[PDB]
Structure formats: C-alpha cells, structure tokens
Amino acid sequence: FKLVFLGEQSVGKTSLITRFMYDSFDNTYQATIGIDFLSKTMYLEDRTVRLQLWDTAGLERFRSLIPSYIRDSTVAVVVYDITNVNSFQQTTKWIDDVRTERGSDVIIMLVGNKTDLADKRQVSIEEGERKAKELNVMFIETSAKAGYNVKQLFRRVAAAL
C-alpha cells in the first residue's frame, strides 16, 4: 500500500512524514534530495495496514524521477503552505501530473500545512475547500510543527482504500 508526497519546496512534506513516523519535528530546513523512502506498519483504525512512503523533492533538479513513482503509488498527498500563495496555486500542477498517470484510479489528498502560522496566512480555508471539491479530491489543513491533524490525515487516507 503506497503513498507519494508531492508539492513545492519547503511546504513541509518531509516534516509531515517525520511528525507521523517518529513524532518529532525539526526547525532546521533540509531540502529533500531525490526520493527518500520510509515505511512503518502503522496498525491504523481497528485493523492493520502496511504503508510505503515516497518523499519527493520540491527541488527542481530532482523531478525527473517523480512521474515514474506516481505511476507506482496508489495514493497521492499534495501539500501546500498556507502562508505562501504560490505554493497553493501550484497544487493544480501536481494534481494534473497525477491525473495523467492514473486518472481516477487514485486517491488524492490536498493539504494546507503550517496552520500554527495563522497570523501570516495568505490562503483562506474556503479557497482550499473550494479547490478540493473543484478537482474532486479530499482536503485537510495541518500543522507538522504542532502535531495538529497529522494523525487525522493518514487515518482518513486509510479509510478510503
């Protein structure tokens, strides 16, 4: 059972995976190179599930590999930064790329990360909820720093398999 994390640079893809796998957080930013791999059989929701996690690079040099993995993964998590308008606009790109490899044969989740920065917010919740229904995919806002809705995220994905 495979998942792939897509999105612009420094939105919090690497961070959301850490908050989930190890329940930790690091303020120090490190750009993901290539495609890191993490796996944990999280016995999620009154039953057992094995999850493969592919952490893609928001970095532009290391994107050639991505399409090949989208084709291999049964689920896609598209992440944006609510304090960054561009990273939100670009979520259209990443969903297009996914529709191209799997069409409707895929589960997709839009994620508005960094809710703990509500002060510096540029994207509203309505714009996010609207866009999600627009492209017919699930939606949820999270904070990897605060641990908010990070478990909720994976729990909802396992409930749609």
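Sequential numbering from 1, following the sequence displayed.
Undergrad: Taking the recorded C-alpha temperature factors, which stretch has the higher mean, 136-144 or 10-18?
TA: Higher mean C-alpha B-factor in the PDB entry: 136-144.
Undergrad: Which is higher on average in the deposited entry, the C-alpha temperature factors of 88-96 or of 31-39?
TA: In the deposited entry, the stretch with the higher C-alpha B-factor mean is 88-96.
Undergrad: Compare the CA B factors listed in the entry for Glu127, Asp55, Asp26, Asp116 and report the winner.
TA: Highest C-alpha B-factor among the listed residues goes to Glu127.
Undergrad: Compare the CA B factors listed in the entry for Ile108, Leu65, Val111, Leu44 and report the winner.
TA: Answer, based on the entry's C-alpha B-factors: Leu44.
Undergrad: Looking at the C-alpha B-factor of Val4, is it in the lowest, middle or highest third of its chain?
TA: For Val4, the deposited C-alpha B-factor lands in the middle third.
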